[PDB]
Amino acid sequence: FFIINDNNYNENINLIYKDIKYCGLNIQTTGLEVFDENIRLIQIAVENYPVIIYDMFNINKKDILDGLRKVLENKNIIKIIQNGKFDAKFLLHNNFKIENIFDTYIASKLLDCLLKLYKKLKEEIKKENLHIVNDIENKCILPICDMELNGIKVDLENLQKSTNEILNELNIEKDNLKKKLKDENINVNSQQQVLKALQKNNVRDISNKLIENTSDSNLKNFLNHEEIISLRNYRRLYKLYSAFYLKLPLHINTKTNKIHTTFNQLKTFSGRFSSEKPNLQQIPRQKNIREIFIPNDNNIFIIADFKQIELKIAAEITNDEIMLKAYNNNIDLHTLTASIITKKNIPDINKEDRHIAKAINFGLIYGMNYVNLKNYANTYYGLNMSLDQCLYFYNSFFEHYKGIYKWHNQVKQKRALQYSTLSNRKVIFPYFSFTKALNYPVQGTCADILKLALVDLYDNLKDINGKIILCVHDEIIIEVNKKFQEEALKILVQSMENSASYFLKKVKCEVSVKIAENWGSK
DNA sequence: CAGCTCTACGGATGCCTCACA
DNA sequence: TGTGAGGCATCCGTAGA
Ligand SMILES: Nc1nc2c(ncn2[C@H]2C[C@H](O)[C@@H](COP(=O)(O)OP(=O)(O)OP(=O)(O)O)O2)c(=O)[nH]1
Ligand SMILES: [Mg+2]
């Protein structure tokens, strides 16, 4: 239980660091915040020796923290950190460099005193063929900490101007809705009462069906009444205002005017990323909102987005010959499923058309039936398509891609309840859910590809001082000094394609890369 | 029985509790 | 003998991939 300070600093302790493998590093501090506190005790545990402790509040100057920094920066020595997302954050925040972080928490979450725990976790992950994903996550710990440290900078002037504008628009829409409803005594945010107000106004479907649910899907069916438009518009404006615009400035840390979110690695069932504080993942797609996120001055962003990542993992899982043949021809499946039922011709597909076709493709790939598909297409598109035509189209798609149909068959027959993705991320379902079963593998593989891409990205940008700032389920965006922007673009391409090659062998993945002044200008 | 899936988050609404003189 | 304030799980609805 040696305590290292100026009184008994002999410099011989550094000789212990020579030729070592494990070190159960765990730090202590005065609180939880990273920009407002400092490290009090750093504890390092070495096998066959008592835990050694360093206190930073009494040792000053340099030449004492030489062995510890050398061990930390070394890539050949593993650092066992309990919940290595807070301690590593503190270590990286200051002028300390840490590498080869191994977390027992991450390993534990991939299932069903640090020295013993490392073995008890490594042996159990090696017996389960989870070593690849565990290595990817442990090497991805550092990119997560880099994202948390950097955060993202906000264009406050545009944000506040837009907040005032949306406030005015919401005010006028509230006035219009209150005038139209002829009530002026009901909170428009109470669904249970506005639905009654709609009922007592003679609003019903053209098929003599009264309003029952106000969900936008059901709310569109009951159009042709000059009251549903007002409800939809207000609700959209009210969400755009309250949900994010009001709550965005309250999440900005002081003295840095940068949003420092919180990134979670295993709080999502499929292995994707959950941001439990201001959800930069949830920003509205429209560019006019994401234009408020900006680089630090004189720097620039690289943004990369996977090109139709899904339906490619599905293609390889299914061994569907026609799918892979089409992919080799560079034709979008989403655009095809658009043009088959929509405005004619392929090149006349816009972003909204591509999005609704994306919804249809994932629906019926994961199990959406032809009557629900009819409802979806009729609601979101002005087809007025009949049921028989929809059934014929459904059958045509399911027979055109024979591999897809055969896969659907086998998954329907089997009830193993155990599922996995291309990196052996095993899951035990509670009950056999058809669409959940079809959906787990593809999204899990997508998340694993994203994590490996991040790992390589951080391990490879070190030569040009590269920093990663955001990652939304398949898209990566990074900061690099403008002097090296083109190199950073090539860096991100190599960071993603190679990662894809580690999982998808048949179809060559592609990535859209862009040079961006904002998070919005994709 | 039969299917589109994962997540977070704001805001109404009965249930629970207690309290005193 | 009366509210009563508060919170506190439970849905509705839309946001994003
Ligand atoms: N199940 C499902 N997933 C959806 C839906 N809309 C979007 N996604 C998700 C699933 C994929 O992980 C994710 C891929 O990111 P994008 O939204 O950009 O789509 P994708 O890459 O397939 O197409 P892209 O080439 O980027 O236009 O989209 C939907 O309606 N259903
Ligand atoms: Mg994409």
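All of the numbers you see were taken from the coordinates with simple rules; none came from a lab. For neighbour counting, all protein chains shown are included, and Cβ atoms are generated from backbone atoms with ideal geometry for every residue, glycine included.
Contact map, the range A:298-312: first residue of a type in the set (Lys, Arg), second residue more than 7 Å from ligand 2 (Cβ to nearest atom), Cβ cut-off under 8 Å, separation 6 or more or different chains; pairs are A:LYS307/A:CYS509; A:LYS307/A:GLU510; A:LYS307/A:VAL511; A:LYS307/A:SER512; A:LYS312/A:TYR327; A:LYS312/A:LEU504; A:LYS312/A:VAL507; A:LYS312/A:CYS509. Every listed requirement among (1) within 24 Å of A:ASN138 (Cβ to Cβ); (2) aliphatic (A, V, I, L, M); (3) surrounded by fewer than 20 Cβ atoms within 10 Å (Cβ to Cβ) is met by A:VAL493 save one, (1).
Against the list (1) among the β-branched types (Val, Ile, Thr); (2) closer than 30 Å to A:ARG272 by Cβ; (3) over 34 Å from the mean Cα position of the chain (by Cα), the condition A:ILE144 fails is (3).
Only residues that are outside any loop (DSSP other than H, G, I, E, B) and in contact with a helix residue (DSSP H, G or I) (Cβ under 6 Å, 6 or more places away or on another chain) were counted in the range A:9-28, giving 3.
Given the options A:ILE464, A:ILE491, A:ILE515, A:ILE476, name the one that is away from ligand 1 (no atom under 16 Å from the Cβ), within 24 Å of A:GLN265 (Cα to Cα) and among the β-branched types (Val, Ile, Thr). Can you show your working first?
Numbers: A:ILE464 fails: within 24 Å of A:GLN265 (Cα to Cα); A:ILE515 fails: within 24 Å of A:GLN265 (Cα to Cα); A:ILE476 fails: away from ligand 1 (no atom under 16 Å from the Cβ).
One residue alone meets the criteria, A:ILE491.
Listed by position, the helices (runs of 4 or more DSSP H) inside the range A:291-390 whose residues that are touching a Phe, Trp or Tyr at 6+ places or on another chain (Cβ under 9 Å) and not aliphatic (A, V, I, L, M) number at least 3 are A:351-366.
Within the range A:251-267, is even one residue among the basic types (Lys, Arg), within 22 Å of A:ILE449 (Cβ to Cβ) and within 16 Å of ligand 2 (Cβ to nearest atom)? Taking every residue of the range A:251-267 in turn, none turns out to be among the basic types (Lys, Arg), within 22 Å of A:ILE449 (Cβ to Cβ) and within 16 Å of ligand 2 (Cβ to nearest atom).
Could you identify the single residue in A:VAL442, A:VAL455 that is in a helix (DSSP H, G or I), away from DNA strand C (no atom under 14 Å from the Cβ) and of a type in the set (A, V, I, L, M, F, W, C)? Reasoning before the result, please.
Details: A:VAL442 fails: away from DNA strand C (no atom under 14 Å from the Cβ).
The match here is A:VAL455.
Candidates are the residues of the range A:297-337 that are within 23 Å of the chain's Cα centre (by Cα) and surrounded by fewer than 19 Cβ atoms within 10 Å (Cβ to Cβ); the one that is nearest to DNA strand C (Cβ to nearest atom) is A:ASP305. Here is a check on your reading of the model: is A:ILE294 among the hydrophobic types (A, V, I, L, M, F, W, C), surrounded by 14 or more Cβ atoms within 10 Å (Cβ to Cβ) and either within 24 Å of A:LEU246 (Cα to Cα) or within 15 Å of ligand 2 (Cβ to nearest atom) (or both)? Yes: the conditions hold for A:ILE294. A:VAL480 meets each of the listed conditions (1) under 20 Å from A:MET323 (Cβ atoms); (2) more than 15 Å from DNA strand C (Cβ to nearest atom); (3) not polar (S, T, N, Q) apart from (1).
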